[PDB]
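Engineer: Structure below; questions to follow.
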There are 2 protein chains.
Amino acid sequence: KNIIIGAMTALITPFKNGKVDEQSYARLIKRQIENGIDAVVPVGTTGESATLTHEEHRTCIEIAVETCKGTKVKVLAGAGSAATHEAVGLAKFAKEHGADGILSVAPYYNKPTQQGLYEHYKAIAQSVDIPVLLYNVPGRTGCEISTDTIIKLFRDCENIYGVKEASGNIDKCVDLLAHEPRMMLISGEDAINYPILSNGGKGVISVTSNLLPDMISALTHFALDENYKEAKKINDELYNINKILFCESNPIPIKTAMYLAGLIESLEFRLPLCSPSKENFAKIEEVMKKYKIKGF
Amino acid sequence: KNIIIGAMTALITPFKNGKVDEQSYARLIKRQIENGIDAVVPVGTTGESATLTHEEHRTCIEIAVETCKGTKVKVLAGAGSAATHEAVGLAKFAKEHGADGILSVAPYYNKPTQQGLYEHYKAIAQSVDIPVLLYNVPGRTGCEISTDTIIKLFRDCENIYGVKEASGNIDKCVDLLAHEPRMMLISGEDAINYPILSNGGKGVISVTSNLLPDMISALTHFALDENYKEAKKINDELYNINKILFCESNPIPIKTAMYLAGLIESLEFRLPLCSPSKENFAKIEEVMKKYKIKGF
Ligand SMILES: N[C@@H](CCCC[NH3+])C(=O)O
Ligand SMILES: N[C@@H](CCCC[NH3+])C(=O)O
Ligand SMILES: [Mg+2]
Ligand SMILES: [Mg+2]
Ligand SMILES: [Mg+2]
Ligand SMILES: [Mg+2]
C-alpha cells in the first residue's frame, strides 16, 4: 500500500474578521515544514472542520497543497462527514486538487452501525486512488470503529492503509497491530504518542505540534528508529503541555497558545467555539513558559 | 412564553430511489394528525437530518407546515447544526416558512464549552421570534448542556422555553424542574416518557409514535390530565417496543418497523445508515406483533 506516516500536524485554521486568514494559514504551514514535520492535515478536528463552509474547507486544502509543493511534506487532507455523499465529495476534491491522501473521521452524530461504517469507508475508498486513513475518536463522534471493522477495511480496500486512534485505549492498539501488523497505526492523542509508537505505530497526527513542531518531530523520528529512551524523554517532558492543551475542548487551548506565542494575530474562533475561561487562559500561559517555542 | 408541548413525533424521512418521497412524507404526517398527535418534528435525528441536504431539509419543513395547515397540529422544525451560522440559517428559514417553533440539537462533534453553548443558542434565539426548544443528547453529540446553562438560557432568552432531554438521567430531570419549574421539559427517550411526565414534564418528542401515534398521544394526554395510573399502564405496555426500536441506532429500527407495517414503500436509508442485521430485523418484527398498528 501507498502510505503517509511520520510526524504530522492537525493544522489550526486562523481567522481574521471572521474569515480564513489565508496568508497566516500558508505561513503556519512552512513553519511546520521548516521544523521537521512530515505531513500536514488541513481541516481536521483541530482545523474547525465542522464550522467551515465546504468552500472554505476546499480553499484550505488548496493552500496546503500549494505550500508543500517542492518539499517532502505530504498533505493528508481532512475529508470526513456524517454523510457518505459529502465525504465522497471531499475525497474526490482532495484527489483532483493534488492532496497526497485523505483523513476521514468516523461519521459523527448519526451513530452508524459497524456495517454502515464499512459501507461508508468502502464508498470513500472506491472513489479515489490515493491513500485513505481512518480516524476513530468516539468521544467526539458518538461511535467507534471496532478493531474488526478497521481490519476488514484495511484488508478489503486497497488504499485504506491504517487508522488514526484518539480513544485512550492502548489495549485496542495492541489488538489492532497483533492481528494486522501491516496497517499504519497513527497516534491521535499527544500524551500517549510514545506508547503508541513503541508498540509499532508509525506516526502521529498531533495538536501539540502546532506549537512545538520540532519536539513532536524529534519524538516521532527517535521512536521510528527504536531510539526509545530519547523518544520517551521527549514524551515525558511534553506531558504537561500535552494535557493543558485539552483543559477545554480542542482547538480552544491550542489556538490560545498560538496567540500567546504570537503565531496568530487574533484569538478568533467560529461559534460555537469561543475563548477559554480567564483561569484556563492563565493556566495555558503558565505551562507554556516551560517550553522553547520556535518562531517563524 | 409561547410554547409547543404535548405529544410530538420525530418524523422519519422516507426515501424512494434515493430522494425524499414527498407524497409519502405528507401521508405519514396526516396519519399522525388523525391519531391525536399535538405537533410534528420534521428533520430531527430520527429524520436523518445529518444526511439530507440543506435543500431537502427545507423541503421537509415546508411539507410539514402545509400538511398541518388548518389542523390544530403544530410544526416544531428541526434546525440544529454543529455550526452556529448554519443553525441560525435554519432557524430563520423555519420562521419565514411558517413553522410554529424550532428544535435545535446541541452542536455535535466539536464539543463547545458551556459558554459556547450559551452563545450558540443566544444567537439562534435572537434570530427569530418563534419558540426555541433546546435538545440534549450527549450520547450522539459528545457534549452536554448543563442544568445551569439550560436554566440561564431559559431565563435570558425570551424565545427559549424548555429542553428535549435524551440523556437517561432522571436525576437531571428533577434538577431542572426543581430549580426552574417554569420550563417545558420534553421527553426525548420513549422508554421513560411516563417518569419524565410524572415529574412535571409537559410533552414527548417520540420515535415510537411514528409507528404507534395513538398509544404515545394517549400516554401523554393521560399524564397531562394527571391520570398517572393509565399513563404508566401504556408506558409499561410500550416498554418492549420502545427498547427494540433502539436495538440498532435510531432510526434504523423505526424505519424497519414502518416498512414491516406497510407504512412506507421501501426500506431505504442514506449512507452511512443501512438496514439492520437479519437477526435484529427478525426481533423487531417479532416485538411488533404484540401491538395494534394503525393504518392510514
Ligand atoms: N456543519 C457541517 C458542514 C461542514 C462542511 C465543511 N467540512 C458538518 O459538520 O458536517
Ligand atoms: N452533514 C452536515 C449537513 C446537514 C445539513 C442538513 N441538516 C451536518 O451534519 O451538519
Ligand atoms: Mg505536487
Ligand atoms: Mg476528517
Ligand atoms: Mg391535541
Ligand atoms: Mg435539531
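How things are named: the first chain in the C-alpha cells is A, the next is B, and so on; residues count from 1 in each chain; ligands count from 1 in the order shown.
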Could you go through range 89-249 of chain B and tell me which residues DSSP, when run on the backbone, assigns to alpha helix (DSSP H), listing them as a count of residues only?
Structural biologist: 79
Engineer: Within 6 Å of ligand 4 (counting only C-alpha atoms and all ligand atoms), which residues show up? I'd like them as a PyMOL selection string.
Structural biologist: chain A and resi 44+78-80+103-105
Engineer: For the residues selected in the previous step, produce a file with N, CA and C atoms as a CSV table (one decimal), in the first residue's frame.
Structural biologist:
chain,number,residue,atom,x,y,z
A,44,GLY,N,-8.9,19.1,9.8
A,44,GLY,CA,-9.3,18.1,10.7
A,44,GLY,C,-10.1,18.7,11.8
A,78,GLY,N,-8.1,16.5,5.5
A,78,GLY,CA,-9.4,16.2,6.1
A,78,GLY,C,-10.5,16.1,5.1
A,79,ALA,N,-11.3,15.0,5.2
A,79,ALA,CA,-12.4,14.8,4.3
A,79,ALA,C,-13.6,14.1,4.9
A,80,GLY,N,-13.7,14.2,6.2
A,80,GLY,CA,-14.8,13.5,6.9
A,80,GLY,C,-16.1,14.2,6.9
A,103,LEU,N,-7.6,12.0,5.3
A,103,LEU,CA,-8.1,11.5,6.6
A,103,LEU,C,-9.6,11.6,6.6
A,104,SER,N,-10.3,10.6,7.2
A,104,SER,CA,-11.7,10.7,7.2
A,104,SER,C,-12.3,10.2,8.5
A,105,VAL,N,-12.8,11.1,9.3
A,105,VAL,CA,-13.3,10.8,10.6
A,105,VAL,C,-14.6,9.9,10.5
Engineer: Could you pull out the residues sitting within 7 Å of ligand 2, using only C-alpha atoms and all ligand atoms, and write them as a count of residues only?
Structural biologist: 13
Engineer: So which residues touch range 186-194 of chain A within 10 Å, counting only C-alpha atoms, skipping near sequence neighbours fewer than 5 positions away, as a count of residues only?
Structural biologist: 51
Engineer: Please identify the strand (DSSP E or B) residues within range 123-192 of chain B (assignment by DSSP from backbone atoms) and present them as an MDAnalysis selection string.
Structural biologist: chainID B and resid 132:136 160:165 184:187
Engineer: Within 8 Å of ligand 5, which residues show up when you count only C-alpha atoms and all ligand atoms? List them as a PyMOL selection string, please.
Structural biologist: chain B and resi 6-7+36-38+72-73
Engineer: Dump as a VMD selection string the residues of chain A that approach chain B to within 10 Å, counting only C-alpha atoms.
Structural biologist: chain A and resid 45 to 46 48 to 53 81 to 86 106 to 121 123 137 to 143 248 to 252 270 to 277
Engineer: For ligand 3, list the contacting residues at 8 Å or closer, counting only C-alpha atoms and all ligand atoms, as a PyMOL selection string.
Structural biologist: chain A and resi 65-66+68-70+98-99
